[PDB]
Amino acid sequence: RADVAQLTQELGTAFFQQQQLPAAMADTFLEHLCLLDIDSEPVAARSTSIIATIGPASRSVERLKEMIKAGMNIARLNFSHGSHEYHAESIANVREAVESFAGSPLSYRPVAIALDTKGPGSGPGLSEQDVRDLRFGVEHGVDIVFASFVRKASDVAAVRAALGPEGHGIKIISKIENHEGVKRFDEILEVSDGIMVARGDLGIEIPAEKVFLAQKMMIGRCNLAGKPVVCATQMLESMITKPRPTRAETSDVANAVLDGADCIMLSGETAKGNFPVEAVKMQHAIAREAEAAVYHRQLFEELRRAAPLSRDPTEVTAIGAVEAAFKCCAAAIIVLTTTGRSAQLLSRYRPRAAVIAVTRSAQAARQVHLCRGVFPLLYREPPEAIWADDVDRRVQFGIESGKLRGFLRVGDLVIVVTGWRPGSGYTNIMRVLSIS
């Protein structure tokens, strides 16, 4: 009680009853479970991104607008099916639906476009079809590649080479789908931007009763590395034909978030099912409940104990900002970023505070959806003559969007993360600001 008494008097007992805060203050994991409360409502914005596979059931512009409003952050295009012409039309429809909300950043929502490859088949390396599909991705400006059946580090180097010099900025998320991928996980993660636990093939390649071990291990190692991890396949499977999921399906979604997944995915549920929008809404509702139930006290302590010492100022500032946000129950951490890296380094410490990432790069704004708890804001104004004023305008842009979009209210504390000079790699400042 003494460690929360003054803040309880100031913020109120009602504030400390919401978002599983009594369970968050527990001294043991067992006590944390015992304090979980179905009446404790989630307040924070949903931080785990939803990837929706785009197909016949979710192709139209009108349907895609509903999916964006329901919570879709990443549109996946499965190159195992369809054609280049079919997928290009789906991509154009996604972009049309996304841009229909570009009226003001107080209502704008960026959406990443991901290409999921067919894979190597019986062959041992990049398939000729994968080379053509990866070239298509670069030509159509995809943000992410979900590379199928990655079995070793040279597989991701081959994917990187097929993207050429013009696809240098595309994120490569390696899909682990077999025994070799699990066994060579460390070398694959080292050269990848992130990982997808592709449970469909994994559950056929290894005993079905061992998939949960591979999932928890890969999520834990990705959390330790500070790299995005996606949990995929059959999460809400029954929703392909039914309007409501099973008890095992809601449990699976909640447990993927509690495991530490940055993203959760919908495959047949959105590509061909009868309830694509309802499936997105269900993942959204479960993820908000599960994020509040995360035991941050042990998680943050373990992420600190395991993360090595760092002499990188972006990394040092990120841990200081997350520590400061927990100390004051900050509503948000506003960070200026060019490539998304400063937001990713904040996200790896799993703050409860939303990470509002203000960027001029449309691609970085789409790609940061891979990192849990990062809310991208695309800044469109031309640069101010004085760099310090251009920085301040970008911070104010995040404070006004947050104030008028629920995130922030007058009296809230926010942590602001900036650098000392223009350009990528110079984040080194953390500021505590009171919202007026």
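We call the rigid core the largest set of C-alpha positions that still match within 1.5 Å between the two forms. Just count from 1 along the sequence shown to find any residue number.
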After core superposition, the stretch with larger RMS C-alpha deviation in 9 other deposited structures of this protein, comparing 112 to 120 and 97 to 105, is 97 to 105
Rigid core fitted first, then name the stretch among 376 to 384 and 49 to 57 whose C-alphas deviate most from the displayed form in 9 other deposited structures of this protein.
376 to 384
Between 250 to 258 and 144 to 152, which has the higher average C-alpha B-factor in the PDB entry?
144 to 152
Averaging the C-alpha temperature factors as deposited, the higher value of 129 to 137 versus 291 to 299 falls on 129 to 137
For the C-alpha B-factor as written in the entry, point me to the maximum among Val374, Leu33, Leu404, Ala52.
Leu404
Between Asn223, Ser104, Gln283, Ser174, which carries the biggest CA temperature factor in the record?
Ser104
Check where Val368 lands among this chain's C-alpha B-factors and tell me if it's the lowest, middle or highest third.
middle
Going by what the PDB entry lists, where does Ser40 fall on CA B-factor within its chain: lowest, middle or highest third?
middle
Classify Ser100 as lowest, middle or highest third according to the C-alpha B-factor given in the PDB entry, relative to its own chain.
highest
Looking at the temperature factor on the CA atom of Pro313, which third of the chain's modelled residues does it land in?
middle
Among modelled residues of the same chain, the CA temperature factor third for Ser347:
lowest
